[PDB]
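Here you get one chain, nothing else, as structure tokens; it is the form deposited in one PDB entry.
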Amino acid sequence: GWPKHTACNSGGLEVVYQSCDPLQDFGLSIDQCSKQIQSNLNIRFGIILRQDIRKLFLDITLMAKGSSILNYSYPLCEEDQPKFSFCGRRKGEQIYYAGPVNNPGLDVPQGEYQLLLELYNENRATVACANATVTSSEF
């Protein structure tokens, strides 16, 4: 598989991920990691596009101790609302994004969580797939 990368390790919160797309890896760094996640985090993200991103959606599947906490879907790019300057870029393009993500604030109870993040297009074709482990500890 792909290497395990660290997105984030500070303020008691550590986020480690592996790309779950057999075709390729991607780069991700998160600024101002902590157990008290502030709203609207800044990230850096690098990837090659495997589909056009006129229509781009994110699934989040969260678990802890072998059972589902949360499933969530969110659009990043849609025809009626491109949220980001990168919307509409095309298959094959190298993308670098350094900017905000507009997540809500949240406190992370100590413990370990398994996160599956998937970016996909309107046909459910893979743009990115991240298998992450999030560890919250005392700080």
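Start at 1 with the first residue shown and count on from there. If you superpose the two forms and keep the largest set of C-alpha atoms that fall within 1.5 Å, you have the rigid core.
There is another form of this protein, the form deposited in another entry, and it is not shown here; the text below is about that form.
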| query | Of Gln94, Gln81, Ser39, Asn71, which is the single residue whose C-alpha shifts by 2 angstroms or more between this form and the one not shown after core superposition? | reply | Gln81
| task | Just say closer or farther for the C-alpha distance from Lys83 to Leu117 in the other form, relative to the shown form; it changes by 3 Å or more. | result | farther
| note | Evidently the Cα separation of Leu56 and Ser85 changes by 3 Å or more in the other form, so the atoms lie closer
